[PDB]
Amino acid sequence: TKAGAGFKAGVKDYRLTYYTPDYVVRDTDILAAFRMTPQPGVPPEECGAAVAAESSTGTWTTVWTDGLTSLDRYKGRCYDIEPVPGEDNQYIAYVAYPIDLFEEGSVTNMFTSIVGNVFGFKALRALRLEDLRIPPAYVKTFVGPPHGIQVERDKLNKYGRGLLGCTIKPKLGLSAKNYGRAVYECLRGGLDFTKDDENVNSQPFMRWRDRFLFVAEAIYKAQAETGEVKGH
Amino acid sequence: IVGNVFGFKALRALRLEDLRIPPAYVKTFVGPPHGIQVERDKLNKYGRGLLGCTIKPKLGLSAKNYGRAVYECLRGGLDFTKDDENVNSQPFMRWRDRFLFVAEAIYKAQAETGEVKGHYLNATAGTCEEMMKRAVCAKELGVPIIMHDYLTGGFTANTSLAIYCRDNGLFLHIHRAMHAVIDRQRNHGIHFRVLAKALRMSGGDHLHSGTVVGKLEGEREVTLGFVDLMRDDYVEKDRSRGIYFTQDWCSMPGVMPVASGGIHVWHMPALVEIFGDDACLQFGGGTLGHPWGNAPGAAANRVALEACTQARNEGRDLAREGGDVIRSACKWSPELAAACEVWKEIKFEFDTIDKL
Amino acid sequence: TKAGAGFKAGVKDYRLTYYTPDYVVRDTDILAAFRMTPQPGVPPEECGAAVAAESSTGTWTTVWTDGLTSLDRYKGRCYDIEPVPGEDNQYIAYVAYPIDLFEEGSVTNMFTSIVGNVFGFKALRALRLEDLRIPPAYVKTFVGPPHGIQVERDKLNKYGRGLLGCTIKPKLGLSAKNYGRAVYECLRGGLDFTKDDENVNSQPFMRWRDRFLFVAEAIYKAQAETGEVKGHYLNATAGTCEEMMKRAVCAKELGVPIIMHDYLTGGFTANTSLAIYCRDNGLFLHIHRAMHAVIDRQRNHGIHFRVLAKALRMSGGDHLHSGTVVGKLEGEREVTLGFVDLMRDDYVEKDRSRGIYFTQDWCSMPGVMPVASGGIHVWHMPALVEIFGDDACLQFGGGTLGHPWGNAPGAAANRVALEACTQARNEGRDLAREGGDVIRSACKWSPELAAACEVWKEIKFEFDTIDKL
Amino acid sequence: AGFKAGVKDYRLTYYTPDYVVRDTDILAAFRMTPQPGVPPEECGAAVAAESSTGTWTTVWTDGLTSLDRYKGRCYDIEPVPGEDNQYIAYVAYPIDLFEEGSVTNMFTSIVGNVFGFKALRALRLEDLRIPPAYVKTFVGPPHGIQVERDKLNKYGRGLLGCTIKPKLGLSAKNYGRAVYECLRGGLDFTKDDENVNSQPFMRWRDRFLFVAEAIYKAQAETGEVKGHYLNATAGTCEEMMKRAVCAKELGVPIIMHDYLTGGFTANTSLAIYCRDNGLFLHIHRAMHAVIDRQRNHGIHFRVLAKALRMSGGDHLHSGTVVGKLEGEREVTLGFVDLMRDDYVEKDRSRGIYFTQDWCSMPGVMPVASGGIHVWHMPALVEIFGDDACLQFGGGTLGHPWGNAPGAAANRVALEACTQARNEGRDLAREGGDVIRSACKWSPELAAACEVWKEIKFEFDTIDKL
Amino acid sequence: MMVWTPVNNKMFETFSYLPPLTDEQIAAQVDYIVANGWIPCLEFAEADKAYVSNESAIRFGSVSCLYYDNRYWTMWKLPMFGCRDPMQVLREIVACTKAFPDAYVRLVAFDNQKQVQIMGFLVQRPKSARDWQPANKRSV
Ligand SMILES: O=C(O)[C@@](O)(COP(=O)(O)O)[C@H](O)[C@H](O)COP(=O)(O)O
Ligand SMILES: O=C(O)[C@@](O)(COP(=O)(O)O)[C@H](O)[C@H](O)COP(=O)(O)O
Ligand SMILES: O=C(O)[C@@](O)(COP(=O)(O)O)[C@H](O)[C@H](O)COP(=O)(O)O
Ligand SMILES: [Mg+2]
Ligand SMILES: [Mg+2]
Ligand SMILES: [Mg+2]
Ligand SMILES: [Mg+2]
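Residue numbers (the entry's author numbering), protein chains in the order written: chain K, 7 to 238; chain R, 120 to 475; chain H, 7 to 475; chain V, 11 to 475; chain J, 1 to 140.
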C-alpha cells in the first residue's frame, strides 16, 4: 500500500522522459534527423529531448493528465545523438514518433508536429530538419501523386528522352493573347511543354480565363502542326 | 516577392524584413472575419486581457478526457481553451468525437460560471474539404471559435476558411506553427512581422505573437513593433522596432495577439505591461500543471490577471511593482499561492538570435 | 548472344511458380491459412500453388503478358504446408500476398482475391479459409469502426458492467405502434438497448419510417422515466444504398443514438459506406451477422467466423454479434474466446489452441463490442459474464418478452441478474463455480427475477459441436 | 388462448403438414441434417420458426397480432434417398414478410440465423419459389438478353469474351494494349479480372481511359461493336458509383460488378443506375463457391442465380461444365434455364424443386468462363446454345502468336461450330471432326489446337444432385 | 403479477438495481480497484446537474445524436494516481461527502492502458431526493 507513480507538479528535465538512447525503433515509427545547435550550457541530450518532447506530447512543466493515458505509448523519443564532424556545437539528434501521433493522409499534420514549435525554442540557437523516414504504414494512408512518371509517359506517348519545357517571359506584363502567341511559337518548334510563370495567376494585365482560352488555342495549333502531343 | 530569389547562386543569404502594403492593395482583401472590436462585442468581455489554455499532453488524450480537461479549465476562470496545434484527427482521438465532448464541456462551464466560454476547435486538415467539414460541424454545434495552422495548412486554405468564418459568424484563431523555420535567423528567411501582415490580409481574429518572457524566442522591441502592425490602423516607420515602412491598414480590422508558451503566474505583470488589454494570454502547462488540478489552475491565472489589471488601473507601475502585486495576490488567494510556490524559480533567459 | 527466359505457350504445373517453401514473409504481406482437401492424385504442393496462383496473378496456362511486368513482385506465394493431425487428406496451406495486390480501404477487394474463385476448383474437394494476417500497413488504409468500445462507453456514460439488449418479438408481424410499445416497456425495466430483428426492414405490416418515429418516442419516454441513456438499434438494412442512407438520415434527424446493419446480406460495399456515414454523423453502428453460418459452420469448407469478424472490424462496426457459447446457436468456447480477442484487442499473439493462426496487430484501430445473443436467459448470466467480461452486450429477446409478467419485469430480472453477477465477481467470487449460488440468492431477493428463474430453470442447449478446432 | 410463459416445441405452431400453399407464398426447399434425438418435424419447424416469426420461448406479444397470418410454415418433409439422416423440408413464407424489391431482406429472413442452430448438423438451401407477386416488386435486370443483342446488333451465335491476364500486376497502358489486341482479332468483349479494381500498379481511372481508347480502335478496325467490362466493384457505394459515372461519360457500353463480394445492396443500386443510364451490367460471381460447393451445407448456386436475376444483371457467370471449375452438366442446364427463361417447370433431375414463373422479368445471359479452350468449343455450343457468352482468358492470351491470333482462333472455332450445327451436324458426336476440319483450314486455330490438344479437366464432382 | 412502477423510480447505472451498498460492500469494490491497479477518482454534481438532459440542443442544427448535457460531473480534487491503499480512497469519500453533503457523489476508476473508465457507482444521494424507490417499492 506504498504509492506507485503519482502526480508531481513542477518543472523537471525533458531528458528524464524523452531521451531514450536504448530504444529500438519500430518499423511503423516516423523518424526525424535534426541538425541541432544548442545554447551554451544546454547539454545535447536535454536539447534533443526538448525537441522530441515539444514536437509530440510534452510541455515545459509536468501535467497531471499524463496519468490518464500512456506516455510510453505516445511520446516522441530522442534515441540517438551524433556529433557533427567539423563542428564544435552541432549535433544530429534522431527522434522516433509513433504512427498513432499522425493524421492519416495529412502532410499538414505531420509538419505541424515535427516542425511546428521546436525551431523557436530559446534553448537552441539553430535547428535544421535534414531527413524523415516515412514508414510504409504511413505512406499507405496517402493518395499520393495523381499519376506519376510511368502513367505520364504513357498518356503523353513520349519515351526514350527527357521532356522539354519552357517558362514564358517576361514573368509578368504580357496580355492573354500575347501569352498564347508565345506559347504557340515555343511548342511548334519542338518543346513538349510551356508553362505559366509561378507568379502568373490572374492579374490586371492578364486575367486567368482569357489566358486559359488563348493557351488552349495555342496548344491545339502546335499539336496539329507538329503531330506530337503538346501541353502548357 | 519570395518565390525564387532566395535560391540564387549569386547571393549567400537573403531575408525579407518588411513589406509596405498600400491601401489600394489592402482594400482588395476580405481580411479578418471579425477583428478585435467585434470579438470583444460578441463575447461581451471588456477591461482586461483574455485568458486561454492549451490542453496537455499535446497528443494521446481520448475525446472524453479532452472534454473533461476542457470543462475543468473553463469553469475555474479561463475564457478559452484550445486544441494543441497538432491535434487534428488521430487514432487516439477522432475529431468529431472531440468536437461533441468539447461542446458539452463549453456549455457546462458557461452555465456554471455565467461567463461566455469557448474552445478553439482545430479545423486544420489534410484537404480543403476536410477542413470545411470540421468548420461546418463547429457551426452546427453553435460553438463560438475554431482554429487553423495557417502556415502548415497554407494561405490558400486559410483565406477560404476566413471567408467561411465571416459568412457564418465563427471566430478564427490562428496558430503560427512552422513560423520559426522561416523567421528565426537574422541573415536569411522572412521576419515574422511580414508573416503577421500576411495573416492579417489572409484573415484571422487571433494570431500568436510570442511572450517575450516565455520558453520561445521573441525580443521585446521587435515584438512591440509587430503587435502594433497586427492591431493598429496606422503604424509609422520606426527602425528601433524593426518597422521599415509606414503601414496604413485603411480600416482593415485588427488581429488579437496571443501570448503563449512557457508562461506562468509570475510573468503576469510583465505580460500585461507589454500587451495591455487587447491580447489573449495562454497558460497550458501553467494551468494543467497546477498541483490542485485545472479549475484551481485557471482560478490562479484569473486572479493574477485581475490583480495586475486592477493595480495598473489604480496607477501602479507594473514594470517596477509587478512582483509586489503578485506577492500580495498570493497571500490573499490559496489557489494562486500554490501556483506561485511551484513556479517561483522558473525563468527563460537566453541569448536572443533574432536581434534587430 | 544466347536467349534468356522467353515466352513459352502451354500448360505447366502451378508449383513451378507459386510454391515457394523458402520464401521469407515480409511484414507488409497479407497472409492466409487455408484448410485444403485435394482431389486424389493432386499433390498438396500443387494444390497449394493452384490456390496461391488463382487468387493472385495466375491462370491455367502460360500467358505472354507476364513478361511485361514482374511476376516475382506480384505473385501470391504458397510458402508452407502443414498436415492436419487426425486427417489423412487435409492440409493447412499458407499463402503470402504482396500488399500491392489490394485496393486500399476495400474489404470487398481483399475477399475478391483471396476467396473469389479458388473454392470452386475441380482439383480440390474442399477448402476453408481459417485465418488472415492483416498487416498494419494495410489496416491503416481503412477508416474502420465509426467509434469503437471506449468511445461508445464514453458517449453512453455506461461503465463497470456488460450492456443489456433485447430483440423485439415476434420477429415479424408487429405494427409500428406495437413495436414502440414493446420497446418502451423493455427499456423502462432496465435494458440499455432494444433492437429491430435482423429481418425487420420495411414491410406491409410495418413501414420503416412509422417504426422509427414510434421507437424514438419510446426511447425518450424510457430515458426520461429511468434517468439512464437508452437506445434502440434501428435497422438501416435495405434493398439499395439510397434506401439504406435514407434510413440512416432519418435516425440522425430524430437524434437517436444507434442504427444497425446486416453486413453480409447487405454486403461489404454498403456496410463500409454506412460505417463512414456513421463516423461523419456520430451514430453508433450495430452489426448483425445474418447469413454467417451459411459460410462458417462446417469444418471442412467455407470461411471461419474469425475472418468474417476481422473483415467487419476493417469495414466498420461498433458492435458485432459474437455468439453466446451456451445459447441456441453454435459457438465453441475456445474458438469464441479467440475471435472475441481479435474483435476487441489491439494485439493478439498466435495461439492455435484458440484457432488464432497468426499474430494480429491492429495498430490502434478501435475494438468492436461483442454481442452475445440467442436463446439465453437469466441462468446463463454467470457463464456469460465469465466468458465475455464487461466489454460485451448481452441480449435477451425471448428472455425478456417471454417473462410471465411482461417486458418491464423481464428487463428488471435480466438487469438484476447481471448486476448481482458483476457484484459477486468484483467481491472475489468465482462465477464459473459459484454462478448458480449467485443467481439463487438473487432469485430469493427479487420477485421479478424469481419469476424468470422458475420458468426457464430446466432450459439448456447442449449438442455436439460442428465447428470444432 | 391466453399467454403461457415458457418453452414448448416449435412443431406445435410451425409444422403444418395439411397447409395448402398460396400462389403468393415464397417457398423454400431446405436440405436438412438434424442432430441425433431431434425429430425431423421439430427440426423443420425450428427452421420455419426462426426464419419468420418465432423464437426459443413463448412471447406474449404474439397475441397482439395474428401468428396464423405471418408465420412461416413447414408444410412437407421428404426423406433423401441414399441418406440415413437427411431430409428435404419445405417452408412456405407469406408475401407480407418481405420488403418489396429487396433481395437483401429475402436472404436475411430465409438464410439469416437458421444455419447456425445447435439442433442441426448441416443445412442447405436448394431452391426458392419466387411468386409473380413478389417478382413484380423488383426492377430486375437493366436490359436482359433480347435488349443486349439488339443494342450490340449481334445475332446468330454465342458472344465471345476474354479476361485480361495476368490477373494483377499489369499497368493501365499495358491493360489497354492487351485489350486492343484481343478485341481486334474477333472477340466481342474483354474484361477486368474480378479482383482488378483500383491498385498501386494500376489506378482505375487510368485503366478506364486506356481501355476506352482500345475499344474504339478495335471497333474502327473491325467494323463490329466492341466492349470491355470495366469493373465498378469498390470499397464503398460512392466509389462504385464514381466508376459507373466515368464509364457513362466515356460512352463505353458495359461495366461489371462482383455481386457477392460487393453485396446485394450495392448491386441493386448499380443495376438501377445501369437501367437509368443505358449501361450493360456484367455480373461476376466471385465468392459463390464458398457458399455453394458442398452438397450438405450452404446455398445452391441456382438460388444465388435467382437472387441475382431479381437484384439485377445483364450477364451472370454460369460455369463451363468442362473447364477448370466445378459444375455438373444436369445441374448447370437447370439453372441456365432459370436464368434465361420466362417459365421453368419443376424438374428434380435438373435440381429444380419448384416451378418458377418469372412473369416477364428479362433473362440473364449466362457466361461460361474458366479453363476453356478451342477443343471445348463444340461442347460449349451444345450445352449453352447461342444465348451465352464464352470467355477465353488463358485461352486467348496463352496463344503462341499473341492476342489477335488467339482471338481469331476462338472466333473461327465458334463460327465453325455454329455453322456445323445449323447444317444439321450433331455437335455432341461430330465435335472433334468440326474442330479438326477448322484447324486444317485456319493457321491461327491450328496453333491453338496444337498447344492445348491434351488439356482436359476431369475430376470427381462434389456438388452432385 | 407485479407491475414495475414508472413513478419516481429513477436509477443510477451500475449496481442501482441491487440493494443499496453497505459500507462493507463499498470497501470490497474499492479493494477490487486497488487489486487491479486502476485509478480511483471521485465526482459529484448538484441535484439539477445529476441526470442526462437536452437543453443545449436548442443551439444545434441536426447534430444532437449522442449529445447529452450532465454526462460530465465535477472532479473531486484529482484522480488518485499511484494509490495502492483502499483506506485512502475511503477517506476521500468521507472528505468529499462532507464538503458536499447535498450532492450526488459517485466513485469511478480509470484504466490508463485502455484509457477508459472501468468502473463506477453512486456513493451518495442528497437526503432531499424524492425521485427514486426503495428496492421493495419498485414494483406494486
Ligand atoms: O504547443 C505549445 O508549446 C503551446 O501549446 C503552449 O503550451 P504551454 O502553454 O504548455 O507552454 C503553444 O502552441 C505554443 O505557445 C506556440 O508557440 P508560439 O505562440 O510562440 O507560436
Ligand atoms: O433472431 C434471433 O434469433 C435473435 O434476435 C435472438 O432472439 P432471442 O433473444 O429471442 O433468442 C438474434 O438475431 C440471434 O441471436 C442472432 O444470432 P447470432 O448472435 O448467433 O448471430
Ligand atoms: O479469374 C479467372 O480464373 C477467370 O478470369 C477466367 O480465367 P481464364 O479464362 O484464364 O480461365 C474467371 O474470373 C473465372 O472463370 C471465374 O469463374 P466462374 O465463371 O466459375 O465464376
Ligand atoms: Mg518561373
Ligand atoms: Mg500548442
Ligand atoms: Mg434477430
Ligand atoms: Mg477472373
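Cβ atoms here follow ideal geometry from the backbone N, Cα and C, with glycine treated the same way.
* Neighbourhood of V:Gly111 by C-beta, 8 Å cutoff - its chain only, sequence neighbours within 5 removed -> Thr147, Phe148, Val149, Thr278
* To do: Check each residue of the stretch 258 to 274 of chain H: if its Cβ is closer than 8 Å to any Cβ of chain J, include it; give the result in chain order.
  => Within the stretch 258 to 274 of chain H, the residues whose Cβ lies closer than 8 Å to some Cβ of chain J are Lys258, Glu259, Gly261, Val262, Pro263, listed in chain order.
* Inter-residue Cα distance where the pair is H:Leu77 and H:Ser61 -> 14 Å
* To do: Report yes or no: do three or more beta-carbon pairs, one from the stretch 155 to 168 of chain K and one from the stretch 180 to 197 of chain K, lie closer than 8 Å?
  => no
* 8 Å Cβ cut-off: residues of chain H touching V:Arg131 -> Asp470, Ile472
* Which runs of the beta strand (DSSP E), 3 residues or longer, sit entirely within the stretch 15 to 101 of chain K? -> Within the stretch 15 to 101 of chain K, the beta strand (DSSP E) runs of at least 3 residues that lie entirely inside it are, in chain order, 36 to 44, 83 to 89.
* Proximity test, V:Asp203 beta-carbon vs ligand 7 heavy atom, cut-off 7 Å -> yes
* Asked: Just to check, is the beta-carbon of H:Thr173 closer than 7 Å to a non-hydrogen atom of ligand 6?
  -> yes
* How do the stretch 180 to 188 of chain V and the stretch 308 to 322 of chain V stand: do at least 3 beta-carbon pairs fall below 8 Å, yes or no? -> no
* Is any heavy atom in ligand 3 found nearer than 7 Å to the beta carbon of V:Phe402? -> yes
* Is K:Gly126 near ligand 1, with its Cβ less than 7 Å from a heavy atom? -> yes
* Cβ of R:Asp357 within 8 Å of any chain H Cβ -> no
* To do: Rounded to whole angstroms, what's the CA-CA distance from R:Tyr226 to H:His325? Just pull it up for me.
  => Using only the alpha carbons, I get a separation of about 30 Å.
* Check each candidate in K:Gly47, K:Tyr25, K:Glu88 and name the one with the smallest Cα separation from K:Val57. => K:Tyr25
* When you compare each of K:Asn163, K:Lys81, K:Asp203 to K:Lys177 by their alpha carbons, which one comes out closest? -> Per the Cα distances, K:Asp203.
* **Helix, strand or coil at V:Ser321 according to DSSP, with G and I counted as helix** => helix
* To do: Buried or exposed for R:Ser370, please, with buried defined as at least 16 other CB atoms from any protein chain shown within 10 angstroms of its CB.
  => exposed
* Report the residue ranges of all alpha helix (DSSP H) runs contained in full by the stretch 354 to 401 of chain R; include only those spanning at least 4 residues, in chain order. => Those alpha helix (DSSP H) runs which fall completely within the stretch 354 to 401 of chain R and span 4+ residues are 387 to 394.
* Runs of alpha helix (DSSP H) lying entirely within the stretch 16 to 90 of chain J, each at least 4 residues, in chain order -> 23 to 35
* Examine chain V for any beta-carbon lying closer than 8 Å to the beta-carbon of H:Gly171, and answer yes or no. => no
* Decide if the stretch 365 to 382 of chain R is in contact with the stretch 95 to 110 of chain K; the criterion is three or more beta carbon pairs, one per stretch, under 8 Å apart. => Not touching, per the Cβ criterion.
* N- and C-terminal bounds of the alpha helix (DSSP H) containing V:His409 -> No alpha helix (DSSP H) contains V:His409, which DSSP labels as neither H nor E.
* To do: Please go through the same chain and pick out, in chain order, the residues whose beta-carbon is closer than 6 Å to the beta-carbon of R:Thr471, but skip the five residues on each side of it.
  => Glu338
* To do: Return no unless some Cβ of chain H is closer than 8 Å to the Cβ of residue 1 of chain V.
  => An answer regarding residue 1 of chain V cannot be provided, because it is not within the stretch 11 to 475 covered by chain V.
* Asked: Does the stretch 384 to 397 of chain R come within contact of the stretch 126 to 134 of chain R, defined as at least 3 CB pairs closer than 8 Å?
  -> Contact between the stretch 384 to 397 of chain R and the stretch 126 to 134 of chain R is absent, with fewer than three C-beta pairs closer than 8 Å.
* In angstroms, rounded to a whole number, what distance separates the CA positions of V:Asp473 and V:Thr342? -> 11 Å
* Asked: How about K:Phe40 and K:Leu180: do their beta carbons lie closer than 8 Å?
  -> For K:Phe40 and K:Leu180, no; Cβs fall outside 8 Å.
* **V:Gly47 to V:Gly64 span [Cα, whole Å]** => Cα to Cα, V:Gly47 sits roughly 22 Å from V:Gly64.
* To do: Examine chain R for any beta-carbon lying closer than 8 Å to the beta-carbon of J:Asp111, and answer yes or no.
  => no
* Is the stretch 263 to 272 of chain V close to the stretch 297 to 309 of chain H, with three or more CB pairs under 8 Å? -> no
* To do: Check each candidate in K:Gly12, K:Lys18, K:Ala11, K:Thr7 and name the one with the smallest Cα separation from R:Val461.
  => K:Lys18
* Asked: Which residues in chain K sit within 9 Å of V:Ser181, going by Cβ to Cβ distance?
  -> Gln156, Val157, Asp160
* Asked: Does the pairing of the stretch 233 to 252 of chain V with the stretch 207 to 224 of chain V give three or more beta-carbon distances under 8 Å?
  -> yes
* **Exposed unless 16 or more other CB atoms sit within 10 angstroms - verdict on H:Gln429** => buried
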